[PDB]
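Quick notes on the structure that follows.
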Amino acid sequence: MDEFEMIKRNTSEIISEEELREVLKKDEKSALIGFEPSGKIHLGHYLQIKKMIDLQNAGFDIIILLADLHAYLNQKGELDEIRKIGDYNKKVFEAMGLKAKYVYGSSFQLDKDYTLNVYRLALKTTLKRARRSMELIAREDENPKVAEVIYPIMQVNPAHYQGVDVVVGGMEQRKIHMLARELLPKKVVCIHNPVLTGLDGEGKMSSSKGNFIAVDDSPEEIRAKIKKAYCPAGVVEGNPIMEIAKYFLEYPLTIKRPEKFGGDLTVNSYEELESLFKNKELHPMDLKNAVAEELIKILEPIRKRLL
Ligand SMILES: N[C@@H](Cc1ccc2ccccc2c1)C(=O)O
């Protein structure tokens, strides 16, 4: 893959690919991602950090916004607590091999000019649109709060995009990103990552929902987690184990199997893995065993580096 294709790889969308190519032509390029700090850093975060590392390899300076105040607004707790979690998060991303600069939302998001821009952009953003943009982001709430519609206008604040060529996030961010693209002086390139399915398989992988593999989980816990994971034969859609195989595993992948169930297998691409599986020629147990073991290896230097 040339640089663009390495960046494109495993992304759900790039807005736009022709803005991206324009950016690649510059020397100094910078890419931002923001995270509500999470108590556990899981494969969902790792997917995104891997993409930040792609960009880093392509010569981008990486900025990570530790979005404590957004996390406050999105009901994840008190600010001082969210900040400590953010410092943990920082440690985990650095363990992953990302070389980035880290900015804490609270350090600038209470400045008068920032706030004035929250208010300015609240006048330009409808309630309907704001609520729409948060459908995939908002904390579950029977009685949705005003905080919910403040969150996306804050996320579109020009201070976040000053000097940044590209913003990265999951597909759940896309409506907020489209709003920024409409409201800011400068259109920033959006690169969107896919959103991982939970181990249990209903919704998406989340720290607050107990359906995650944390990058620091021990080998034992990773096995037990992937043991109980949802993963039907021939069913590639919403299968977290196949997602793990697609997004984390290096190919060719040598799957282990007893001789009495076809013997050890080699798949030279995720494409090959997918057909073998969708043809009901690779059973869940065998895929599960192979994903658990390759994951442990993948994660080992991160978990050990975290000690
Ligand atoms: N909304 C994100 C956090 C988040 C908050 C503010 C941002 C500002 C600019 C670019 C990305 C940003 C991501 C989350 O769901 O974790």
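Chain identifiers are assigned as A, B, and so on, following the order in which chains appear in the structure tokens; residues are numbered from 1 within each chain, and ligands are numbered from 1 in order of appearance.
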
- Message: Residues within 12 Å of range 260-269 of chain A, please, as a list in words. Count only C-alpha atoms; anything in the same chain fewer than 3 positions from it doesn't count.
- Response: residues 245, 246, 247, 249, 250, 251, 252, 253, 254, 255, 256, 257, 272, 273, 274, 275, 276, 277, 281, 282, 283, 285, 286, 287, 289 and 290 of chain A

- Which protein, DNA or RNA residues have an atom within 9 Å of ligand 1, counting only C-alpha atoms and all ligand atoms, as a PyMOL selection string? chain A and resi 32-38+64-71+74+105+134+136-138+151-152+154-161+167-170+172-173+176-177+180

- Go through range 55-219 of chain A and collect every residue that DSSP, computed from the backbone, puts in alpha helix (DSSP H); the answer should be as a count of residues only. 65

- Task: Find the residues around residue 88 in chain A up to 12 Å (only C-alpha atoms counted), leave out those fewer than 6 positions away in its own chain, and share them as a PyMOL selection string.
- Result: chain A and resi 37-41+66+81-82+94-95+216+306

- Item | Residues within 12 Å of range 233-243 of chain A, only C-alpha atoms, excluding chain neighbours under 4 positions, as a ChimeraX atom specification | /A:10,43-44,47,194-205,211-213,222-223,225-229,247-249,270-292,294-295

Could you write out the selected residues, including C-alpha atoms, as a PDB file, in the first residue's frame?
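Output file again_39.pdb is given in full below:
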```pdb
ATOM      1  CA  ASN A  10      -9.682  -0.771   7.691  1.00  0.00           C
ATOM      2  CA  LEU A  43      -9.955  -3.084  21.467  1.00  0.00           C
ATOM      3  CA  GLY A  44     -12.247  -0.276  20.250  1.00  0.00           C
ATOM      4  CA  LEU A  47      -8.446   0.091  16.633  1.00  0.00           C
ATOM      5  CA  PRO A 194     -15.575   1.107  12.307  1.00  0.00           C
ATOM      6  CA  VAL A 195     -17.255   0.551  15.613  1.00  0.00           C
ATOM      7  CA  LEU A 196     -16.516  -2.830  17.154  1.00  0.00           C
ATOM      8  CA  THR A 197     -19.232  -5.217  18.195  1.00  0.00           C
ATOM      9  CA  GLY A 198     -19.447  -6.265  21.848  1.00  0.00           C
ATOM     10  CA  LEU A 199     -18.196  -9.690  22.887  1.00  0.00           C
ATOM     11  CA  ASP A 200     -21.801 -10.565  23.744  1.00  0.00           C
ATOM     12  CA  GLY A 201     -22.772  -9.315  20.286  1.00  0.00           C
ATOM     13  CA  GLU A 202     -25.793  -7.037  20.743  1.00  0.00           C
ATOM     14  CA  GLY A 203     -24.457  -3.489  20.740  1.00  0.00           C
ATOM     15  CA  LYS A 204     -20.989  -1.961  20.579  1.00  0.00           C
ATOM     16  CA  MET A 205     -17.931  -2.580  22.753  1.00  0.00           C
ATOM     17  CA  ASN A 211     -18.375  -6.617  26.827  1.00  0.00           C
ATOM     18  CA  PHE A 212     -14.818  -5.578  26.120  1.00  0.00           C
ATOM     19  CA  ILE A 213     -11.325  -6.958  25.934  1.00  0.00           C
ATOM     20  CA  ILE A 222      -8.725 -12.867  27.234  1.00  0.00           C
ATOM     21  CA  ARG A 223      -9.367 -16.641  26.753  1.00  0.00           C
ATOM     22  CA  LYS A 225     -13.706 -13.542  27.369  1.00  0.00           C
ATOM     23  CA  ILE A 226     -13.277 -14.982  23.852  1.00  0.00           C
ATOM     24  CA  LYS A 227     -14.633 -18.321  25.087  1.00  0.00           C
ATOM     25  CA  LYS A 228     -17.992 -16.721  26.099  1.00  0.00           C
ATOM     26  CA  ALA A 229     -18.003 -14.412  23.030  1.00  0.00           C
ATOM     27  CA  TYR A 247      -8.735  -5.538  12.587  1.00  0.00           C
ATOM     28  CA  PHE A 248      -5.992  -6.896  14.891  1.00  0.00           C
ATOM     29  CA  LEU A 249      -4.469 -10.052  13.404  1.00  0.00           C
ATOM     30  CA  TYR A 270      -8.745 -11.972   6.130  1.00  0.00           C
ATOM     31  CA  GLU A 271     -10.566 -12.372   2.820  1.00  0.00           C
ATOM     32  CA  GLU A 272      -9.596 -16.104   2.880  1.00  0.00           C
ATOM     33  CA  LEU A 273     -10.503 -16.429   6.569  1.00  0.00           C
ATOM     34  CA  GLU A 274     -13.928 -14.900   5.832  1.00  0.00           C
ATOM     35  CA  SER A 275     -14.826 -17.356   3.008  1.00  0.00           C
ATOM     36  CA  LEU A 276     -13.496 -20.421   4.862  1.00  0.00           C
ATOM     37  CA  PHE A 277     -15.687 -19.347   7.773  1.00  0.00           C
ATOM     38  CA  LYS A 278     -18.763 -18.271   5.801  1.00  0.00           C
ATOM     39  CA  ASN A 279     -18.579 -21.583   3.911  1.00  0.00           C
ATOM     40  CA  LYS A 280     -18.851 -23.331   7.343  1.00  0.00           C
ATOM     41  CA  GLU A 281     -15.345 -24.797   6.824  1.00  0.00           C
ATOM     42  CA  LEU A 282     -13.820 -23.100   9.924  1.00  0.00           C
ATOM     43  CA  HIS A 283     -15.808 -23.726  13.119  1.00  0.00           C
ATOM     44  CA  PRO A 284     -16.139 -20.992  15.846  1.00  0.00           C
ATOM     45  CA  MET A 285     -14.112 -22.992  18.395  1.00  0.00           C
ATOM     46  CA  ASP A 286     -11.119 -23.110  16.060  1.00  0.00           C
ATOM     47  CA  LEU A 287     -11.392 -19.486  15.092  1.00  0.00           C
ATOM     48  CA  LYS A 288     -11.853 -18.545  18.790  1.00  0.00           C
ATOM     49  CA  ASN A 289      -8.737 -20.505  19.836  1.00  0.00           C
ATOM     50  CA  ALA A 290      -6.686 -18.823  17.095  1.00  0.00           C
ATOM     51  CA  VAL A 291      -7.915 -15.293  17.801  1.00  0.00           C
ATOM     52  CA  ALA A 292      -7.426 -15.576  21.547  1.00  0.00           C
ATOM     53  CA  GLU A 294      -2.813 -14.294  18.423  1.00  0.00           C
ATOM     54  CA  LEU A 295      -4.454 -11.484  20.467  1.00  0.00           C
TER      55      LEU A 295
END
```

Residues of range 158-197 of chain A classed as strand (DSSP E) by DSSP on the backbone are to be reported as an mmCIF file with C-alpha atoms, in the first residue's frame.
```
data_model
loop_
_atom_site.group_PDB
_atom_site.id
_atom_site.type_symbol
_atom_site.label_atom_id
_atom_site.label_comp_id
_atom_site.auth_asym_id
_atom_site.auth_seq_id
_atom_site.Cartn_x
_atom_site.Cartn_y
_atom_site.Cartn_z
ATOM 1 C CA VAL A 166 -7.359 15.483 9.768
ATOM 2 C CA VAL A 167 -9.708 14.358 12.538
ATOM 3 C CA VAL A 168 -10.154 10.671 13.337
ATOM 4 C CA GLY A 169 -12.917 8.966 15.183
ATOM 5 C CA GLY A 170 -15.425 6.169 15.022
ATOM 6 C CA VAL A 189 -10.574 15.747 6.600
ATOM 7 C CA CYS A 190 -12.545 13.173 8.566
ATOM 8 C CA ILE A 191 -11.293 9.645 8.749
ATOM 9 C CA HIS A 192 -13.827 7.303 10.385
ATOM 10 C CA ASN A 193 -13.113 3.952 11.938
#
```

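The space separating CA of residue 128 in chain A from CA of residue 110 in chain A comes to 25.4 Å.
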
- Mind checking which residues fall within 10 Å of residue 92 in chain A, counting only C-alpha atoms, ignoring those fewer than 4 positions away in the same chain, and posting them as an MDAnalysis selection string? chainID A and resid 40:42 45:46 86:88 96:98 215:216 302:303 305:306

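Between CA of residue 25 in chain A and CA of residue 50 in chain A there is a distance of 22.0 Å.
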
- Atomic distance CA of residue 244 in chain A - CA of residue 207 in chain A, expressed in Å with one decimal: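 About the pair CA of residue 244 in chain A and CA of residue 207 in chain A: they are 16.9 Å apart.
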
- Item | Residues near residue 55 in chain A, cut-off 9 Å, only C-alpha atoms, skip fewer than 6 positions along chain, as a list in words |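 The residues satisfying every condition are residues 3, 6, 7, 30, 31, 61 and 62 of chain A.
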
Give me a file of those residues, with N, CA, C and O atoms, as a compact mmCIF listing (two decimals), in the first residue's frame.
```txt
# COMPACT_ATOMS: atom_id res chain seq x y z
N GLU A 3 0.98 5.44 0.86
CA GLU A 3 0.61 6.03 2.16
C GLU A 3 -0.90 6.13 2.29
O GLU A 3 -1.43 5.78 3.32
N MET A 6 -2.46 2.74 3.00
CA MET A 6 -2.19 2.36 4.41
C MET A 6 -3.12 3.10 5.32
O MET A 6 -3.57 2.58 6.36
N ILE A 7 -3.39 4.36 5.01
CA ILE A 7 -4.28 5.16 5.88
C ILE A 7 -5.72 4.71 5.70
O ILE A 7 -6.43 4.49 6.65
N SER A 30 -1.07 17.31 10.41
CA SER A 30 -1.40 16.95 11.78
C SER A 30 -2.78 16.33 11.87
O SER A 30 -3.67 16.78 11.17
N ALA A 31 -2.97 15.33 12.75
CA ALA A 31 -4.20 14.57 12.87
C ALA A 31 -4.58 14.50 14.33
O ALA A 31 -3.70 14.26 15.18
N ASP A 61 1.88 14.64 12.59
CA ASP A 61 1.96 14.85 14.01
C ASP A 61 0.60 14.51 14.58
O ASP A 61 -0.42 14.95 14.06
N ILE A 62 0.59 13.71 15.64
CA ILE A 62 -0.66 13.22 16.20
C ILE A 62 -0.98 14.02 17.45
O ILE A 62 -0.10 14.18 18.30
```

- Task: Find the residue from A:28, A:296, A:107, A:22 that sits nearest to residue 220 in chain A; use only C-alpha atoms when measuring.
- Result: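 Of A:28, A:296, A:107, A:22, the one nearest residue 220 in chain A, counting only C-alpha atoms, is A:296.
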